[PDB]
file structure-v3.txt (compact mmCIF, C-alpha atoms and all ligand atoms)
# COMPACT_ATOMS: atom_id res chain seq x y z
CA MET H 1 -8.67 -8.42 -17.55
CA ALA H 2 -10.20 -9.95 -14.41
CA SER H 3 -10.97 -7.69 -11.48
CA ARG H 4 -9.32 -9.80 -8.76
CA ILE H 5 -6.01 -11.63 -8.33
CA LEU H 6 -5.61 -14.93 -6.49
CA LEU H 7 -3.45 -14.78 -3.37
CA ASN H 8 -1.35 -17.60 -1.95
CA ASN H 9 -3.83 -17.92 0.93
CA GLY H 10 -6.53 -18.95 -1.56
CA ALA H 11 -8.50 -15.68 -1.39
CA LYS H 12 -9.08 -13.19 -4.21
CA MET H 13 -7.94 -9.57 -3.93
CA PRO H 14 -9.39 -6.72 -6.03
CA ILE H 15 -6.65 -5.31 -8.23
CA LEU H 16 -7.90 -1.76 -7.74
CA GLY H 17 -8.28 -0.24 -4.28
CA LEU H 18 -8.72 3.18 -2.69
CA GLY H 19 -5.77 4.69 -0.84
CA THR H 20 -6.38 6.67 2.36
CA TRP H 21 -3.03 8.19 3.43
CA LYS H 22 -3.51 11.98 3.78
CA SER H 23 -7.27 11.73 3.27
CA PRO H 24 -8.52 14.28 5.80
CA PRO H 25 -10.73 12.83 8.53
CA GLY H 26 -13.54 15.23 7.59
CA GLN H 27 -13.46 14.05 3.96
CA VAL H 28 -12.52 10.38 4.06
CA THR H 29 -15.91 9.05 5.19
CA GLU H 30 -17.55 10.52 2.08
CA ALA H 31 -14.60 9.40 -0.06
CA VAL H 32 -15.00 5.77 1.00
CA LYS H 33 -18.81 5.92 0.67
CA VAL H 34 -18.51 7.27 -2.87
CA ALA H 35 -15.82 4.71 -3.70
CA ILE H 36 -18.03 1.81 -2.61
CA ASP H 37 -21.01 3.29 -4.48
CA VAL H 38 -19.03 3.47 -7.74
CA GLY H 39 -17.56 -0.02 -7.46
CA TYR H 40 -14.48 -0.08 -5.27
CA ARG H 41 -14.27 -3.17 -3.10
CA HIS H 42 -10.74 -2.76 -1.68
CA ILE H 43 -9.68 -0.03 0.76
CA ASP H 44 -6.05 0.45 1.84
CA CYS H 45 -5.74 1.70 5.43
CA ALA H 46 -3.22 2.07 8.24
CA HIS H 47 -3.26 2.97 11.93
CA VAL H 48 -0.52 5.55 11.35
CA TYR H 49 -2.78 7.41 8.89
CA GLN H 50 -4.92 8.50 11.90
CA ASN H 51 -8.21 8.18 10.00
CA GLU H 52 -9.28 4.55 10.43
CA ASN H 53 -12.25 5.50 12.63
CA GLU H 54 -13.64 7.67 9.82
CA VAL H 55 -12.90 5.07 7.14
CA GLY H 56 -14.74 2.61 9.36
CA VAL H 57 -17.82 4.84 9.60
CA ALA H 58 -18.12 4.65 5.80
CA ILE H 59 -17.57 0.89 5.60
CA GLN H 60 -20.11 0.26 8.35
CA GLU H 61 -22.74 2.50 6.77
CA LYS H 62 -22.41 0.74 3.41
CA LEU H 63 -22.63 -2.67 5.11
CA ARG H 64 -25.67 -1.51 7.10
CA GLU H 65 -27.28 -0.07 3.92
CA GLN H 66 -26.61 -3.46 2.25
CA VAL H 67 -24.82 -1.71 -0.61
CA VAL H 68 -22.23 -4.47 -0.27
CA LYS H 69 -21.72 -7.61 1.80
CA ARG H 70 -18.70 -7.96 4.07
CA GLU H 71 -17.46 -10.94 2.04
CA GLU H 72 -17.33 -8.68 -1.06
CA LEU H 73 -15.03 -6.15 0.60
CA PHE H 74 -11.26 -6.48 0.87
CA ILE H 75 -10.01 -4.32 3.73
CA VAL H 76 -6.26 -3.90 4.26
CA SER H 77 -4.42 -2.35 7.18
CA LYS H 78 -0.88 -2.26 8.50
CA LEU H 79 1.01 -2.78 11.76
CA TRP H 80 2.92 0.39 12.63
CA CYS H 81 6.64 0.33 13.50
CA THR H 82 6.15 1.06 17.21
CA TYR H 83 4.19 -2.22 17.61
CA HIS H 84 6.72 -4.80 16.36
CA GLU H 85 7.00 -6.45 19.80
CA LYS H 86 5.35 -9.84 20.50
CA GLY H 87 3.10 -8.46 23.21
CA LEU H 88 1.90 -5.48 21.18
CA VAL H 89 0.94 -6.95 17.79
CA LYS H 90 -2.47 -8.34 18.73
CA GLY H 91 -3.56 -5.14 20.47
CA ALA H 92 -2.44 -3.04 17.50
CA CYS H 93 -4.47 -5.23 15.16
CA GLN H 94 -7.46 -5.11 17.51
CA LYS H 95 -7.33 -1.29 17.70
CA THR H 96 -7.45 -1.18 13.90
CA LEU H 97 -10.34 -3.69 13.86
CA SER H 98 -12.24 -1.67 16.45
CA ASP H 99 -11.70 1.59 14.55
CA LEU H 100 -12.66 0.06 11.19
CA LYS H 101 -15.66 -1.60 12.93
CA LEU H 102 -14.70 -5.00 11.56
CA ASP H 103 -14.28 -8.45 13.03
CA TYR H 104 -11.51 -9.39 10.61
CA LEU H 105 -9.14 -7.82 8.11
CA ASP H 106 -8.69 -9.34 4.67
CA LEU H 107 -4.99 -8.47 4.75
CA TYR H 108 -2.70 -7.14 7.47
CA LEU H 109 0.78 -5.92 6.53
CA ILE H 110 3.98 -5.20 8.41
CA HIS H 111 4.02 -1.53 7.36
CA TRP H 112 7.83 -1.16 7.29
CA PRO H 113 10.54 -3.72 8.13
CA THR H 114 11.91 -1.48 10.92
CA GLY H 115 10.75 -1.73 14.53
CA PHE H 116 10.78 1.47 16.61
CA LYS H 117 10.70 1.97 20.39
CA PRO H 118 7.11 1.54 21.63
CA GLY H 119 5.26 4.51 23.06
CA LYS H 120 2.84 7.27 22.12
CA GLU H 121 5.04 8.74 19.38
CA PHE H 122 4.90 7.12 15.95
CA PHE H 123 8.48 8.30 15.20
CA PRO H 124 10.37 8.32 18.51
CA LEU H 125 13.58 10.29 17.97
CA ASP H 126 16.78 10.69 19.90
CA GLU H 127 18.01 14.25 20.60
CA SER H 128 19.88 14.32 17.27
CA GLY H 129 16.85 13.34 15.25
CA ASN H 130 17.54 9.66 14.58
CA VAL H 131 14.68 7.23 15.00
CA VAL H 132 15.01 5.07 18.11
CA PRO H 133 14.93 1.39 17.08
CA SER H 134 13.47 -1.56 18.85
CA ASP H 135 15.58 -4.74 19.04
CA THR H 136 12.81 -6.68 17.37
CA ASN H 137 13.57 -8.40 14.08
CA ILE H 138 11.40 -9.11 11.08
CA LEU H 139 11.25 -12.86 11.82
CA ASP H 140 9.79 -12.58 15.31
CA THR H 141 7.38 -9.90 14.11
CA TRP H 142 6.34 -12.32 11.35
CA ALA H 143 5.60 -15.07 13.90
CA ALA H 144 3.33 -12.61 15.71
CA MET H 145 1.53 -11.89 12.41
CA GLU H 146 1.04 -15.63 11.86
CA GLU H 147 -0.70 -15.84 15.23
CA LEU H 148 -3.28 -13.31 14.01
CA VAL H 149 -4.27 -15.66 11.18
CA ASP H 150 -4.58 -18.52 13.67
CA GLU H 151 -6.78 -16.38 15.96
CA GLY H 152 -9.16 -15.35 13.16
CA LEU H 153 -8.35 -11.64 13.29
CA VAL H 154 -6.96 -11.53 9.74
CA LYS H 155 -7.45 -13.70 6.64
CA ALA H 156 -4.03 -12.94 5.11
CA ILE H 157 -0.75 -11.43 6.22
CA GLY H 158 1.93 -9.65 4.24
CA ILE H 159 4.73 -7.13 4.18
CA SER H 160 5.37 -3.63 2.90
CA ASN H 161 8.56 -1.82 1.90
CA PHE H 162 10.57 -5.04 2.25
CA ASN H 163 13.60 -5.21 -0.02
CA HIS H 164 14.61 -8.39 -1.80
CA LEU H 165 16.90 -9.57 1.01
CA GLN H 166 14.17 -8.92 3.59
CA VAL H 167 11.58 -10.81 1.53
CA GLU H 168 14.09 -13.66 1.19
CA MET H 169 14.65 -13.62 4.95
CA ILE H 170 10.93 -14.09 5.60
CA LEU H 171 10.70 -16.86 2.99
CA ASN H 172 13.70 -18.58 4.60
CA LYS H 173 12.40 -18.17 8.18
CA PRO H 174 12.91 -21.33 10.22
CA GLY H 175 9.51 -22.89 10.84
CA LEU H 176 7.68 -20.47 8.50
CA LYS H 177 3.95 -21.18 8.81
CA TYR H 178 2.37 -18.73 6.34
CA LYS H 179 4.16 -17.11 3.43
CA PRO H 180 3.55 -13.39 2.95
CA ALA H 181 0.62 -12.96 0.56
CA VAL H 182 1.58 -9.46 -0.58
CA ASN H 183 4.51 -7.04 -0.62
CA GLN H 184 3.19 -3.48 -0.93
CA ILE H 185 5.86 -1.18 -2.41
CA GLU H 186 6.17 2.16 -4.15
CA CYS H 187 5.82 1.71 -7.91
CA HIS H 188 5.18 4.06 -10.84
CA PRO H 189 6.93 5.02 -14.11
CA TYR H 190 9.72 6.86 -12.27
CA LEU H 191 10.38 3.90 -9.92
CA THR H 192 9.49 0.85 -11.95
CA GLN H 193 10.81 -1.82 -9.58
CA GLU H 194 11.42 -4.51 -12.20
CA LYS H 195 13.95 -6.41 -10.05
CA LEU H 196 11.92 -6.58 -6.85
CA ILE H 197 8.65 -7.27 -8.67
CA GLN H 198 10.12 -10.19 -10.62
CA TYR H 199 11.54 -11.69 -7.43
CA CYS H 200 8.28 -11.39 -5.51
CA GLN H 201 6.14 -12.68 -8.37
CA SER H 202 8.47 -15.65 -8.88
CA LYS H 203 7.75 -16.64 -5.26
CA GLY H 204 3.98 -16.29 -5.60
CA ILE H 205 3.84 -13.04 -3.62
CA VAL H 206 1.44 -10.49 -5.10
CA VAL H 207 2.82 -6.97 -5.37
CA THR H 208 0.70 -3.91 -4.58
CA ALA H 209 1.87 -0.62 -6.11
CA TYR H 210 1.52 2.39 -3.86
CA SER H 211 1.85 6.06 -4.83
CA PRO H 212 0.98 5.14 -8.44
CA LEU H 213 0.35 8.81 -9.31
CA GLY H 214 3.59 9.92 -7.67
CA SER H 215 1.89 11.14 -4.48
CA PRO H 216 1.62 14.83 -5.50
CA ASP H 217 0.21 15.60 -2.04
CA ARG H 218 3.10 14.03 -0.09
CA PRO H 219 3.93 16.60 2.62
CA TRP H 220 7.65 16.74 1.71
CA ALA H 221 7.08 17.50 -1.98
CA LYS H 222 9.43 20.13 -3.40
CA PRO H 223 8.38 22.46 -6.25
CA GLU H 224 11.16 20.99 -8.41
CA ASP H 225 10.49 17.21 -8.13
CA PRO H 226 9.44 15.23 -11.22
CA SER H 227 5.67 15.03 -11.81
CA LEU H 228 3.99 12.00 -13.39
CA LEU H 229 0.62 13.63 -13.82
CA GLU H 230 2.23 16.50 -15.75
CA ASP H 231 4.69 14.43 -17.82
CA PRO H 232 3.92 15.25 -21.46
CA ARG H 233 5.06 11.79 -22.58
CA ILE H 234 2.46 10.12 -20.35
CA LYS H 235 -0.11 12.72 -21.32
CA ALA H 236 0.52 11.69 -24.96
CA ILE H 237 -0.19 8.02 -24.26
CA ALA H 238 -3.36 9.02 -22.39
CA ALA H 239 -4.48 11.22 -25.29
CA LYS H 240 -3.94 8.38 -27.77
CA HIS H 241 -6.23 6.16 -25.69
CA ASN H 242 -8.78 8.93 -24.96
CA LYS H 243 -8.15 8.47 -21.22
CA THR H 244 -6.71 10.73 -18.51
CA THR H 245 -3.08 10.60 -17.41
CA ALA H 246 -4.23 9.23 -14.05
CA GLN H 247 -6.15 6.44 -15.79
CA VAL H 248 -3.00 5.45 -17.70
CA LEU H 249 -0.97 5.55 -14.47
CA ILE H 250 -3.51 3.22 -12.81
CA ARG H 251 -3.86 0.83 -15.77
CA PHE H 252 -0.05 0.51 -16.07
CA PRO H 253 0.52 -1.53 -12.86
CA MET H 254 -2.67 -3.53 -13.49
CA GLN H 255 -1.16 -4.88 -16.72
CA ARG H 256 2.00 -5.89 -14.82
CA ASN H 257 -0.18 -8.18 -12.65
CA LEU H 258 0.06 -5.73 -9.75
CA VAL H 259 -2.63 -4.48 -7.42
CA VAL H 260 -2.83 -0.65 -7.34
CA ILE H 261 -4.22 1.73 -4.71
CA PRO H 262 -4.58 5.34 -5.94
CA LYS H 263 -5.72 7.82 -3.28
CA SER H 264 -8.31 10.52 -3.77
CA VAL H 265 -10.83 12.40 -1.67
CA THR H 266 -12.30 14.13 -4.74
CA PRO H 267 -15.54 12.35 -5.73
CA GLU H 268 -15.09 12.97 -9.48
CA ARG H 269 -11.55 11.57 -9.36
CA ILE H 270 -12.57 8.57 -7.26
CA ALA H 271 -15.01 7.73 -10.05
CA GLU H 272 -12.48 8.56 -12.86
CA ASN H 273 -9.86 6.36 -11.29
CA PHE H 274 -12.21 3.36 -11.34
CA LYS H 275 -12.84 3.61 -15.12
CA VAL H 276 -9.78 1.59 -16.02
CA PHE H 277 -11.22 -1.82 -16.95
CA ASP H 278 -12.30 -1.00 -20.52
CA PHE H 279 -9.05 -0.16 -22.30
CA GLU H 280 -5.66 -1.75 -22.81
CA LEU H 281 -2.18 -0.32 -23.06
CA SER H 282 -0.15 -1.97 -25.82
CA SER H 283 3.08 -3.83 -25.08
CA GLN H 284 4.89 -0.89 -26.70
CA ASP H 285 3.01 1.52 -24.37
CA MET H 286 4.02 -0.63 -21.39
CA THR H 287 7.68 -0.75 -22.38
CA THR H 288 7.64 2.99 -23.09
CA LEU H 289 6.22 3.71 -19.63
CA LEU H 290 8.83 1.40 -18.08
CA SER H 291 11.52 3.39 -19.90
CA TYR H 292 10.76 6.45 -17.76
CA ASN H 293 12.35 4.85 -14.68
CA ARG H 294 14.73 7.13 -12.80
CA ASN H 295 14.79 5.35 -9.40
CA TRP H 296 12.88 8.28 -7.85
CA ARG H 297 11.10 7.57 -4.49
CA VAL H 298 8.17 9.41 -2.91
CA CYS H 299 8.64 7.33 0.19
CA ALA H 300 12.00 7.69 1.87
CA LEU H 301 12.85 9.27 5.20
CA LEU H 302 16.20 10.57 6.41
CA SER H 303 15.44 10.16 10.13
CA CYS H 304 15.09 6.40 9.65
CA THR H 305 18.06 5.74 7.35
CA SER H 306 20.40 4.48 10.08
CA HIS H 307 17.97 1.86 11.38
CA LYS H 308 19.60 -1.54 10.80
CA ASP H 309 16.56 -2.66 8.82
CA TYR H 310 15.98 0.50 6.76
CA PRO H 311 15.09 -0.99 3.37
CA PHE H 312 16.50 1.41 0.77
CA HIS H 313 20.27 0.90 1.09
CA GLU H 314 20.12 -2.30 -0.98
CA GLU H 315 19.77 -1.90 -4.75
CA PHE H 316 16.48 -3.76 -4.62
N1 LIG H 401 2.78 0.97 2.47
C1 LIG H 401 3.30 2.20 2.49
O1 LIG H 401 4.35 2.49 3.06
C2 LIG H 401 2.57 3.26 1.72
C3 LIG H 401 3.24 4.42 1.36
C4 LIG H 401 2.60 5.36 0.56
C5 LIG H 401 1.29 5.13 0.15
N2 LIG H 401 0.63 4.01 0.55
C6 LIG H 401 -0.79 3.77 0.17
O2 LIG H 401 -0.93 4.05 -1.22
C7 LIG H 401 -1.94 5.06 -1.39
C8 LIG H 401 -1.70 5.87 -2.65
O3 LIG H 401 -0.44 6.56 -2.58
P1 LIG H 401 -0.35 8.13 -2.23
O4 LIG H 401 -1.50 8.55 -1.36
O5 LIG H 401 1.05 8.33 -1.72
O6 LIG H 401 -0.43 8.91 -3.61
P2 LIG H 401 -1.11 8.71 -5.07
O7 LIG H 401 -2.28 7.80 -4.98
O8 LIG H 401 0.00 8.43 -6.02
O9 LIG H 401 -1.56 10.22 -5.36
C9 LIG H 401 -2.58 10.84 -4.56
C10 LIG H 401 -2.71 12.27 -5.05
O10 LIG H 401 -3.16 12.25 -6.41
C11 LIG H 401 -4.32 13.06 -6.55
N3 LIG H 401 -5.20 12.43 -7.56
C12 LIG H 401 -5.89 11.29 -7.39
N4 LIG H 401 -6.57 10.97 -8.50
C13 LIG H 401 -6.30 11.97 -9.39
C14 LIG H 401 -6.73 12.21 -10.68
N5 LIG H 401 -7.59 11.36 -11.31
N6 LIG H 401 -6.27 13.32 -11.30
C15 LIG H 401 -5.43 14.16 -10.68
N7 LIG H 401 -4.98 13.99 -9.43
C16 LIG H 401 -5.43 12.89 -8.79
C17 LIG H 401 -4.93 13.14 -5.16
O11 LIG H 401 -5.70 14.32 -5.02
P3 LIG H 401 -7.11 14.41 -4.23
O12 LIG H 401 -7.09 13.38 -3.13
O13 LIG H 401 -7.11 15.85 -3.77
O14 LIG H 401 -8.19 14.14 -5.28
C18 LIG H 401 -3.70 13.13 -4.27
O15 LIG H 401 -3.15 14.44 -4.16
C19 LIG H 401 -1.89 5.83 -0.08
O16 LIG H 401 -3.00 6.69 0.13
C20 LIG H 401 -1.78 4.69 0.92
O17 LIG H 401 -3.07 4.09 1.04
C21 LIG H 401 1.26 3.08 1.31
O1 LIG H 402 4.38 5.10 5.37
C1 LIG H 402 3.37 5.36 4.69
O2 LIG H 402 2.41 4.58 4.48
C2 LIG H 402 3.26 6.72 4.03
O3 LIG H 402 4.21 7.61 4.59
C3 LIG H 402 4.01 8.15 5.82
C4 LIG H 402 2.75 8.18 6.41
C5 LIG H 402 2.61 8.78 7.65
CL1 LIG H 402 1.01 8.82 8.37
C6 LIG H 402 3.66 9.34 8.33
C7 LIG H 402 4.91 9.29 7.73
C8 LIG H 402 5.10 8.71 6.49
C9 LIG H 402 6.51 8.65 5.98
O4 LIG H 402 7.36 9.44 6.38
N1 LIG H 402 6.83 7.64 5.19
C10 LIG H 402 8.18 7.41 4.73
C11 LIG H 402 8.87 6.40 5.65
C12 LIG H 402 8.35 6.03 6.89
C13 LIG H 402 9.01 5.10 7.68
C14 LIG H 402 10.19 4.53 7.22
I1 LIG H 402 11.06 3.00 8.31
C15 LIG H 402 10.73 4.89 6.00
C16 LIG H 402 10.05 5.82 5.23
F1 LIG H 402 10.54 6.15 4.03

call {"tool": "encode", "arguments": {"input": "structure-v3.txt", "output": "structure tokens", "more": "lines below"}}
Ligand SMILES: NC(=O)c1ccc[n+]([C@@H]2O[C@H](COP(=O)([O-])OP(=O)(O)OC[C@H]3O[C@@H](n4cnc5c(N)ncnc54)[C@H](OP(=O)(O)O)[C@@H]3O)[C@@H](O)[C@H]2O)c1
Ligand SMILES: O=C(O)COc1cc(Cl)ccc1C(=O)NCc1ccc(I)cc1F
result
Amino acid sequence: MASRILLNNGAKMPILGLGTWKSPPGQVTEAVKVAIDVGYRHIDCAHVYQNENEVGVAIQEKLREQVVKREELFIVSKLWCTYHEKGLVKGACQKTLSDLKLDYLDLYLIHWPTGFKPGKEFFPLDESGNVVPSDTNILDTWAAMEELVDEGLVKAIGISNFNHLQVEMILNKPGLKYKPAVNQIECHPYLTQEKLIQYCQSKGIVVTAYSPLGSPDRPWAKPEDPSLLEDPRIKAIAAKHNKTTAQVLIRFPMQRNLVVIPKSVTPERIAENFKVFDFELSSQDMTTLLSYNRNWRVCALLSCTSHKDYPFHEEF
């Protein structure tokens, strides 16, 4: 299987990338350096992760060392919810560019479909704990994203955590100039996303699977939640292939024509996670993994559920 997938902007995107949410700032520079040294060419970032400066130090060092050329890297970031307004989008993108020490992003995503009140706080709340919306909508935010392409700040634009109706709304936007290249969504054997993936793929939108290992380090994890890495059924498939459970969990979305972005700051795991191009899951393996779906989400948040554009009320 080829290492990159063709986007609807004409550029190629590496199907494996390194995730950076929760990567501590004192560890992520080494994580990204190691990743690039062992072959990663795609890094998934976001302003809200609070570690783009440190990710950028690694990228810049590897470019300066001539370990890789800029054209060989595929750097992704995301517009946070408190920057959905017309007059804030460019500055948000530029802050990310400055922190990453880049003059363009390969892909810039609307991180969530919901706009929040601008200000210092990433999750502005009212006194009862509900997020405070902005009156921005996904269509006007999209027009602002299109401007970034036309200004040379980003090579591609896309969306993240958009449900099928929200994707459809973007595709049906009056005067749409650039289609979204990517929809980045949670996807793993407990949340298989067949409906949303088929819709996006049918429209030429590439899907990126986040939390492919079930995000065991998510800060709201409960001791009782289901665990992909410990699931004996997945362990069995891994054993049959002489691979680790994580390697199976990474290969799974790859064979569905998805991009996948496992996170690690552990050098041995960063390397392990990249060794997924030399085996194949059978169709039966794939269908068996799909059968484990239970519609379980890592990524959901009660404080945001009443926002008009919160994505997870719809079935898909
Ligand atoms: N667009 C969005 O809204 C959104 C939401 C969630 C995630 N994402 C992106 O997707 C990325 C991945 O998702 P995620 O961070 O939620 O979780 P994940 O990649 O599913 O899991 C990360 C966890 O798995 C561990 N791990 C990694 N490789 C392992 C291995 N080979 N064996 C055992 N454990 C392993 C990591 O530990 P160590 O790091 O300690 O090694 C970490 O605790 C994020 O970092 C972010 O870039 C985007
Ligand atoms: O959103 C992400 O990329 C990962 O999740 C988070 C990352 C950070 Cl730095 C802070 C918070 C979250 C988090 O609560 N995500 C869940 C979530 C956020 C926003 C909305 I709108 C809905 C959600 F489910």

call {"tool": "residues_near_ligand", "arguments": {"input": "structure-v3.txt", "ligand": "ligand LIG 401 (chain H)", "cutoff": "7 Å", "atoms": "only C-alpha atoms and all ligand atoms", "output": "PyMOL selection string"}}
result
chain H and resi 18-23+44-45+111-112+160-161+184-186+210-218+229+246-247+261-266+269-270+272-273+299

call {"tool": "residues_near_ligand", "arguments": {"input": "structure-v3.txt", "ligand": "ligand LIG 402 (chain H)", "cutoff": "6 Å", "atoms": "all atoms listed in the file", "output": "MDAnalysis selection string"}}
result
chainID H and resid 48:49 112 114 299:301 304 310

call {"tool": "closest_residue", "arguments": {"input": "structure-v3.txt", "among": "H:282, H:274, H:267, H:289", "to": "residue H:241", "atoms": "only C-alpha atoms"}}
result
H:282

call {"tool": "closest_atom_pairs", "arguments": {"input": "structure-v3.txt", "of": "stretch 106-220 of chain H", "to": "stretch 290-295 of chain H", "cutoff": "12 Å", "atoms": "all atoms listed in the file", "output": "tab-separated table"}}
result
residue	atom	partner	partner_atom	distance
H:186	CA	H:295	CA	10.6
H:187	CA	H:295	CA	9.8
H:188	CA	H:293	CA	8.2
H:189	CA	H:293	CA	5.5
H:190	CA	H:293	CA	4.1
H:191	CA	H:295	CA	4.7
H:192	CA	H:293	CA	5.6
H:193	CA	H:295	CA	8.2
H:194	CA	H:290	CA	8.7
H:195	CA	H:295	CA	11.8

call {"tool": "closest_residue", "arguments": {"input": "structure-v3.txt", "among": "H:92, H:250, H:271, H:32", "to": "residue H:80", "atoms": "all atoms listed in the file"}}
result
H:92

call {"tool": "closest_residue", "arguments": {"input": "structure-v3.txt", "among": "H:120, H:37, H:223, H:248", "to": "residue H:63", "atoms": "all atoms listed in the file"}}
result
H:37

call {"tool": "atom_distance", "arguments": {"input": "structure-v3.txt", "atom1": "atom CA of residue H:118", "atom2": "atom CA of residue H:171"}}
result
26.4 Å

call {"tool": "closest_residue", "arguments": {"input": "structure-v3.txt", "among": "H:47, H:57, H:309, H:83", "to": "residue H:33", "atoms": "all atoms listed in the file"}}
result
H:57

call {"tool": "residues_around", "arguments": {"input": "structure-v3.txt", "residues": "residue H:4", "least_positions_apart": "6", "cutoff": "7 Å", "atoms": "only C-alpha atoms", "output": "list in words"}}
result
residues 12, 13, 14 and 15 of chain H

call {"tool": "atom_distance", "arguments": {"input": "structure-v3.txt", "atom1": "atom CA of residue H:107", "atom2": "atom CA of residue H:75"}}
result
6.6 Å

call {"tool": "build_atoms", "arguments": {"input": "structure-v3.txt", "residues": "stretch 89-105 of chain H", "atoms": "N, CA and C atoms", "output": "PDB file, keeping the file's coordinate frame"}}
result
ATOM      1  N   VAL H  89       1.497  -6.764  19.128  1.00  0.00           N
ATOM      2  CA  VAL H  89       0.940  -6.950  17.790  1.00  0.00           C
ATOM      3  C   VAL H  89      -0.565  -7.184  17.810  1.00  0.00           C
ATOM      4  N   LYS H  90      -1.039  -8.048  18.704  1.00  0.00           N
ATOM      5  CA  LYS H  90      -2.470  -8.340  18.730  1.00  0.00           C
ATOM      6  C   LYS H  90      -3.285  -7.093  19.072  1.00  0.00           C
ATOM      7  N   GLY H  91      -2.852  -6.344  20.082  1.00  0.00           N
ATOM      8  CA  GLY H  91      -3.560  -5.140  20.470  1.00  0.00           C
ATOM      9  C   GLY H  91      -3.580  -4.088  19.373  1.00  0.00           C
ATOM     10  N   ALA H  92      -2.489  -3.980  18.621  1.00  0.00           N
ATOM     11  CA  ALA H  92      -2.440  -3.040  17.500  1.00  0.00           C
ATOM     12  C   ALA H  92      -3.459  -3.443  16.428  1.00  0.00           C
ATOM     13  N   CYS H  93      -3.512  -4.736  16.131  1.00  0.00           N
ATOM     14  CA  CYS H  93      -4.470  -5.230  15.160  1.00  0.00           C
ATOM     15  C   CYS H  93      -5.898  -4.988  15.653  1.00  0.00           C
ATOM     16  N   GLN H  94      -6.139  -5.282  16.930  1.00  0.00           N
ATOM     17  CA  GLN H  94      -7.460  -5.110  17.510  1.00  0.00           C
ATOM     18  C   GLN H  94      -7.913  -3.641  17.526  1.00  0.00           C
ATOM     19  N   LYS H  95      -6.985  -2.710  17.753  1.00  0.00           N
ATOM     20  CA  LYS H  95      -7.330  -1.290  17.700  1.00  0.00           C
ATOM     21  C   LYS H  95      -7.797  -0.922  16.283  1.00  0.00           C
ATOM     22  N   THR H  96      -7.053  -1.382  15.284  1.00  0.00           N
ATOM     23  CA  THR H  96      -7.450  -1.180  13.900  1.00  0.00           C
ATOM     24  C   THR H  96      -8.817  -1.812  13.610  1.00  0.00           C
ATOM     25  N   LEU H  97      -9.042  -3.047  14.064  1.00  0.00           N
ATOM     26  CA  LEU H  97     -10.340  -3.690  13.860  1.00  0.00           C
ATOM     27  C   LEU H  97     -11.469  -2.890  14.516  1.00  0.00           C
ATOM     28  N   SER H  98     -11.230  -2.427  15.737  1.00  0.00           N
ATOM     29  CA  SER H  98     -12.240  -1.670  16.450  1.00  0.00           C
ATOM     30  C   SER H  98     -12.557  -0.357  15.730  1.00  0.00           C
ATOM     31  N   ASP H  99     -11.519   0.332  15.265  1.00  0.00           N
ATOM     32  CA  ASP H  99     -11.700   1.590  14.550  1.00  0.00           C
ATOM     33  C   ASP H  99     -12.424   1.383  13.214  1.00  0.00           C
ATOM     34  N   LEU H 100     -12.039   0.345  12.475  1.00  0.00           N
ATOM     35  CA  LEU H 100     -12.660   0.060  11.190  1.00  0.00           C
ATOM     36  C   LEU H 100     -14.054  -0.570  11.338  1.00  0.00           C
ATOM     37  N   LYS H 101     -14.394  -0.946  12.574  1.00  0.00           N
ATOM     38  CA  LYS H 101     -15.660  -1.600  12.930  1.00  0.00           C
ATOM     39  C   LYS H 101     -15.846  -2.938  12.208  1.00  0.00           C
ATOM     40  N   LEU H 102     -14.756  -3.695  12.196  1.00  0.00           N
ATOM     41  CA  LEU H 102     -14.700  -5.000  11.560  1.00  0.00           C
ATOM     42  C   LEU H 102     -14.359  -6.081  12.565  1.00  0.00           C
ATOM     43  N   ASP H 103     -14.716  -7.317  12.217  1.00  0.00           N
ATOM     44  CA  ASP H 103     -14.280  -8.450  13.030  1.00  0.00           C
ATOM     45  C   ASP H 103     -13.159  -9.253  12.396  1.00  0.00           C
ATOM     46  N   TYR H 104     -12.748  -8.873  11.185  1.00  0.00           N
ATOM     47  CA  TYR H 104     -11.510  -9.390  10.610  1.00  0.00           C
ATOM     48  C   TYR H 104     -11.028  -8.416   9.545  1.00  0.00           C
ATOM     49  N   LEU H 105      -9.725  -8.470   9.268  1.00  0.00           N
ATOM     50  CA  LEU H 105      -9.140  -7.820   8.110  1.00  0.00           C
ATOM     51  C   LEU H 105      -8.909  -8.853   7.015  1.00  0.00           C
TER      52      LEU H 105
END
